Each structure stands twice: as structure tokens, then as C-alpha cells.
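Asker: To start, I am sharing the structure in question, which I have written as C-alpha cells.
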Amino acid sequence: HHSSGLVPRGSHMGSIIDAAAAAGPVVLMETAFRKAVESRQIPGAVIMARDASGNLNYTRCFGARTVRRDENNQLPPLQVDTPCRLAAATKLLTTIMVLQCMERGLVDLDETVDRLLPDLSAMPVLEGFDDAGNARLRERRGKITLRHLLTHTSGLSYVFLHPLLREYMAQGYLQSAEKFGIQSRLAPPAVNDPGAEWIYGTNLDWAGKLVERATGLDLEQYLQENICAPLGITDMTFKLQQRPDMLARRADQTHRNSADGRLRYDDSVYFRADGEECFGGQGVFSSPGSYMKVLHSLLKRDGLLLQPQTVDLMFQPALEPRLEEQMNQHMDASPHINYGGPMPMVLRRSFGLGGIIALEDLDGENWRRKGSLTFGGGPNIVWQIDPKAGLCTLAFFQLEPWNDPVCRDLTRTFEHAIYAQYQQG
Ligand SMILES: CC[C@H](C)C(=O)O[C@H]1C[C@@H](C)C=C2C=C[C@H](C)[C@H](CC[C@@H](O)C[C@@H](O)CC(=O)O)[C@H]21
């Protein structure tokens, strides 16, 4: 029998193995993350999941915020409050800011940008190059609206992505459009007409300018007053170099070398200068914790950032069938870019306001449902909100390049486990 005055624990190997019930999906997944850190495959990660009710409030942190040893020769930890580079995860923030302007009657989603962005309206479309290497430019056909900006259907693209703009830079057209090693997201020309196709581009950088001009505030002040303050966030900024307290604790970016798969310190220009202006497509620094507050507020429809009906708009398929078709074709053909991150490489999608919408269940009742909204940031950051499942999740790394297979597999493992144990209905 038992020992007098002592809790009756396992007394032999039979009752000690049975004393521990078998490991569920989440515990097994945590082991995968720990092993990835231990085997040096990743520097670290933070994973977070929340429901609306409060019964799911899950945060786990693994590994280091850098590969550079600190003053004590140690590798400091990546924490839920570690300042990180959000890159394109900034786009959700800027989308919210635009939508607030709409709610306050400052802008209309279908008005042309000409009033507030005459500098964008006057910009030509790059069509090609002559034999001498001179750019061939033409007038835009049709007008860009704010809804085109929010849905990436304006005709704007990115210099690092579109072959026309790669050439444009090669020919030297953008050598004066940079300061502190950061290239202007406003200078490059469009590569198509608005409504012609879905093209990932500098749309939210322009939308951010629109917010600035509609409100008379710089995007930094607007951010602070309208997203940070209502959520009690004190560590979310475009101006990292003005926050000594965040600088002292920030993550470093890590890069995985293509040749050997080894992790190395990445001395990113974005961590040495903020730049002269706020680029709402890419420029915010914050912690995983503060980012989850944004996702969670949207999931709860608590009205702190936007009215519930405005949030609902963000989740509606915005593309007419022609564009929906072309986006899916482009994305299906481009697993090397993979905007959808952990999502299946072939999936019926649309675009909402703020990200990609799944138009079908990713794996029946095992994973994200139809109507879920998602996007990411360069350093393998992935976020999603799933209203049907009652969940939102974020996987935060500080590792480039985007679409790193190890991070993608871990992210899938994370979401799969959370859904398996905690999805409702
Ligand atoms: C500048 C940040 C950009 C917009 C970003 O985060 O985009 C993410 C988001 C993801 C959902 C979809 C993406 C689609 C295409 C790219 C592979 C891009 C990453 C490019 C990055 O590795 C190099 C640039 O940072 C070079 C520069 O800054 O000039 C990635």
C-alpha cells in the first residue's frame, strides 16, 4: 500500500509509466521546435494561438534572438516581448489604418487616388525597354482606387520581384531614389493598369501615404494613436532607432546561406536605419506579443480597432472571377515565392482587405477553414485569423529568406497541433 503521510505516486516502473499519460499533438510539436533549436536548424521562434473566449491563450518561445554572442559569450533568448522586424506583416496594420480613415469619412474605398496621391496618379506604366536600354513608358489606362491598393490590383509591383523593374534598376533609373541604403518604395513605375491583374507590390506604401495626407499626421503618430494606444501596446514603431530601450533588446536578423544551409548573422540595412519615411508595406518593428494583440482584437470583433462590420469586410473575397482566376494561377505556378507560406501549394484562394482568403477548407475539419485570412513577413513570419474555427495563430521567426522549408514545416506542425487539440466546431 502507500507510505503514511505521502502522496501515493508511482512506486515502480509500471505505475510511473502509467502515471504519465501519452503525449498529445501540442507536446510532440514543442519537441520538434526544441530539436530544431538544439540541432542548430533555426535560431529560434515564438508561436502563439488564441481563441475569442479566452480558453486558448498559448505562447511558447524557443531558442535565441540572434546567432551573435553577447557580452557574456551567450546567445540571448527570443521572447514574446522581443522587438522584431515585421516586414510585410506591417501590411495588416496599414490596412487597418486605411479602414479607420474610411470609417471616419476621410476616404472612400472606390474613390480614385488622384485627390490624395496625385504623385501616384501622374506616374507612368513601364512597358519595356528599347535596344539601347532606355525605358519605354506610357500613360496609365483607367484610374487607381484605394480598393486596388488594398487588394494589390493597382498595377504596382516590387523591384526585387518583377523582371521589368529588375531591369529598370539595372539600367540605373533608381540609383538616386535611395537614402541610408533603403530604396524608395514610391519612386518605381507601375508595370500594368489597375484591375488588369493581381501583382504583389508597393500598394501599402502608397496607402500609408494616403493615410498621412488624409489625416495630416505622419504614419508613426497615426499608428501610435489609433492602433497602439487602444490596445495598450508600447513597443510598436516605424522608428526603432529612436527607441534605445528596444534597440538594447532587439532580435538580429539571421540568414540561411543557400549553399550549405548554415545560419549566419544578417547585417540588414533595415536594422541600422529607419529611413526618412514610413513605408506601410514593410516598416514596423514590434514584438510577437503586441502583434498577437492586433490579431486577437480582430478575432474578438471587440471594436477597439474597427467596427465589427468593417472587420467582416476584410474577410470578403474582393476579386471578380477574372482576377481570382489569374491570382490562383500565378500563385499555383510560383511555389518559389509562396505568398501563402504553410498553406497547401495548390489551393483555391482569393484576396480580401489585409491578406489572402482561403475559399476552401485546407484539410477538411483538421486545419484552417474556408474564410480564413492570412499573410506574412519576410523573416518567415506567418499570421492567420480563422473566424469559423474561432482561432488566430502566429508563427514568428527572424530568419530569411522567406519560405524557408524548415520554418514552413515547423509552422505547419504548430498549426496542425493547435487545431487538433483546440479547434472548436
Ligand atoms: C520588404 C519586405 C517585403 C515586402 C516582404 O516581407 O515580402 C515577403 C512577404 C511574403 C508574404 C511574400 C513575399 C513575396 C516575395 C518576396 C520573397 C518577399 C521577401 C523578399 C525579401 O526576402 C527581400 C527584400 O526584403 C529585399 C528588399 O527589401 O529590397 C516575401
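Following the order of the C-alpha cells, first chain is A, next is B, and so on, with residues numbered from 1 inside each chain and ligands from 1 in the order they appear.
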Quick one: everything within 6 Å of region 75-80 of chain A, counting only C-alpha atoms, minus sequence neighbours fewer than 5 positions away in the same chain. Send it as a list in words.

Answerer: residues 61, 63, 64, 65, 69, 288 and 289 of chain A

Asker: So which residues are near ligand 1, meaning at most 9 Å away with only C-alpha atoms and all ligand atoms counted, given back as number ranges by chain?

Answerer: A: 86-91, 158-161, 182-183, 200-202, 269-270, 281-283, 336-341, 374-382, 400-403

Asker: Looking at A:219, A:353, A:295, A:420, which one is nearest to residue 367 (chain A), with distances taken over only C-alpha atoms?

Answerer: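 Residue with the minimum atom-to-atom distance to residue 367 (chain A): A:420.
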
Asker: Name the closest residue to residue 291 (chain A) among the candidates A:24, A:124, A:83, A:371; distances are taken between atoms, counting only C-alpha atoms.

Answerer: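 Counting only C-alpha atoms, the residue closest to residue 291 (chain A) is A:83.
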
Asker: May I ask which of the residues A:143, A:85, A:272, A:264 is the closest one to residue 235 (chain A), counting only C-alpha atoms?

Answerer: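 Of A:143, A:85, A:272, A:264, the one nearest residue 235 (chain A), counting only C-alpha atoms, is A:85.
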
Asker: What does the distance between CA of residue 45 (chain A) and CA of residue 389 (chain A) come to in Å, to one decimal place?

Answerer: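 These two atoms are separated by 24.0 Å.
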
Asker: Using only C-alpha atoms, which of A:194, A:1, A:246, A:101 sits nearest residue 215 (chain A)?

Answerer: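 Result for the nearest residue to residue 215 (chain A): A:101.
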
Asker: Any idea what's packed within 12 Å of region 296-307 of chain A, counting only C-alpha atoms, ignoring anything in its chain fewer than 6 positions away? Could you give it as a ChimeraX atom specification?

Answerer: /A:48-54,56-57,92-104,223,225-232,289-290,313-315,354,372-373,383-394

Asker: Distance CA of residue 125 (chain A)-CA of residue 322 (chain A), one decimal place?

Answerer: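 Computing it gives 21.4 Å between the two atoms.
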
Asker: Among the residues of region 108-341 of chain A, find those DSSP assigns to alpha helix (DSSP H) from the backbone and print them as a PyMOL selection string.

Answerer: chain A and resi 118-121+146-151+163-170+203-215+219-223+229-231+244-247+288-300+308-314+321-332

Asker: Using only C-alpha atoms, which residue out of A:149, A:28, A:16, A:46 lies closest to residue 209 (chain A)?

Answerer: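 Answer, going by the shortest atom-to-atom distance: A:149.
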
Asker: Run DSSP on the backbone and grab whatever in region 12-167 of chain A lands in strand (DSSP E or B); send it over as a ChimeraX atom specification.

Answerer: /A:44-51,57-64,77,84-85,112,125-129,135-138,145

Asker: Go through A:233, A:140, A:222, A:9 and flag the residue nearest residue 294 (chain A), using only C-alpha atoms for the distances.

Answerer: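 Of A:233, A:140, A:222, A:9, the one nearest residue 294 (chain A) is A:233, counting only C-alpha atoms.
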
Asker: Excluding residue 399 (chain A) and its own-chain neighbours fewer than 6 positions away, which residues fall within 6 Å of it when counting only C-alpha atoms? Please give them as number ranges by chain.

Answerer: A: 253-255, 379

Asker: Might you pull out every residue within 8 Å of residue 263 (chain A), with only C-alpha atoms counted and same-chain residues fewer than 4 positions away left off, and present them as a ChimeraX atom specification?

Answerer: /A:40-43,67,254-257

Asker: Just want the 10 Å neighbourhood of residue 111 (chain A), counted on only C-alpha atoms, with same-chain residues fewer than 3 positions away dropped. Output as a count of residues only.

Answerer: 9
